[PDB]
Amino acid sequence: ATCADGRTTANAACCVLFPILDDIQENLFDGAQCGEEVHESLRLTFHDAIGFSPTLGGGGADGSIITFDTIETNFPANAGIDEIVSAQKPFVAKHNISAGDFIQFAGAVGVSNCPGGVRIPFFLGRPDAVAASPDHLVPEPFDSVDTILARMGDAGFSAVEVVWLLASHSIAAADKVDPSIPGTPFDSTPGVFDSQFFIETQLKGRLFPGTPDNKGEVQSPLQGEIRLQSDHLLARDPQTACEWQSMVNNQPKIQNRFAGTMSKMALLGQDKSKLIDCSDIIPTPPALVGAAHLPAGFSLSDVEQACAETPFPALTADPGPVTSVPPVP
């Protein structure tokens, strides 16, 4: 099919996305950047989609977190989500796709702006949200590992799929876990979709980057990096530890598994055969920048081995003394 301005796409319903792509690239993502708005939009895909259970209900990836914002943004597990919901709302109102479709589209577009990123499949045609999600369907960083894995499992994900989705934490920061240090990332490269998250979570903790005693937080290995309790534990749990380690220095696996599993997440509560494939709209991501490494001054002795089948791979350390991670502006 050929769209209004001459750009082409396999299925013509997808032509509606070209002006939306242009608008979000220029006015939401600040000229197609991998920064705060991309990170927040990616988080939103999950907080919308995971509100789905075959028994507890919820419509999944249905735009409910925007349409029923006054309900859902008040759930404790949605702390800080209000900002991006408020930013996306005028875009939904202006354009001609459902809120559910917009959230997933913006997330996919955003990931495609990140160096090292991947093209996530995108389908069009989610109907409007019917009702707000039930509360208590979104995992929290202080939930038991078995509880997180069961909740994700209930929604449809295997334990290894949870690991693959958590590649998102490679381009991610926290504002509310420790409010004294907003914008503190989960890895040393929050602008690069890479394996540093999987490496750095495996290191022995050293310090709190801000205050002690924050719920859902444990010690980090690096000044300027924050470590979630859940990530600490998932890196170490027999169900997930070997898969976690397998991501280290395996960029193609991180990319391919993230894309496939994000597609699955984007379709929670939906039926792929009742949607239209618009995957070819998503731009081509920039190449990976950097290579897998231990932080400067670290060695393999600083890694906590938790995979019972295979030792952690030898990685070179950055040269010099250990330094500090800058916050996401």
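Residue positions are given as counts along the sequence shown, with the first one as 1.
Visitor: Higher mean Cα B-factor in the deposited model: 43-51 or 30-38?
Guide: Mean CA B-factor is higher for 30-38.
Visitor: On mean Cα temperature factor in this entry, is 115-123 or 189-197 the higher one?
Guide: Between 115-123 and 189-197, it is 115-123.
Visitor: Quiz for you: based on the deposited Cα B-factor, which of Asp231, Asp154, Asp128, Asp178 is highest?
Guide: Among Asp231, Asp154, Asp128, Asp178, the highest C-alpha B-factor in the entry belongs to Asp128.
Visitor: Highest CA temperature factor in the entry: which of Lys215, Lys253, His169, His95?
Guide: It is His95.
Visitor: Tell me, lowest, middle or highest third: where does the Cα B factor of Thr310 rank within its chain?
Guide: Middle third - that is where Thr310 ends up once the chain's C-alpha B-factors are sorted.
Visitor: Taking the chain's C-alpha temperature factors as the reference, tell me which third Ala287 falls into: lowest, middle or highest.
Guide: CA B-factor rank for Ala287: highest third.
Visitor: Going by the recorded CA B-factors, say which third of the chain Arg206 sits in, lowest, middle or highest.
Guide: For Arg206, whose C-alpha B-factor we compare with every modelled residue in the chain, the answer is the middle third.
Visitor: Could you tell me which third, lowest, middle or highest, the C-alpha B-factor of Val303 occupies within its chain?
Guide: For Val303, the deposited C-alpha B-factor lands in the lowest third.
Visitor: Among the chain's modelled residues, which third holds the C-alpha B-factor of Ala296?
Guide: Highest third, going by the recorded CA B-factors of the chain.
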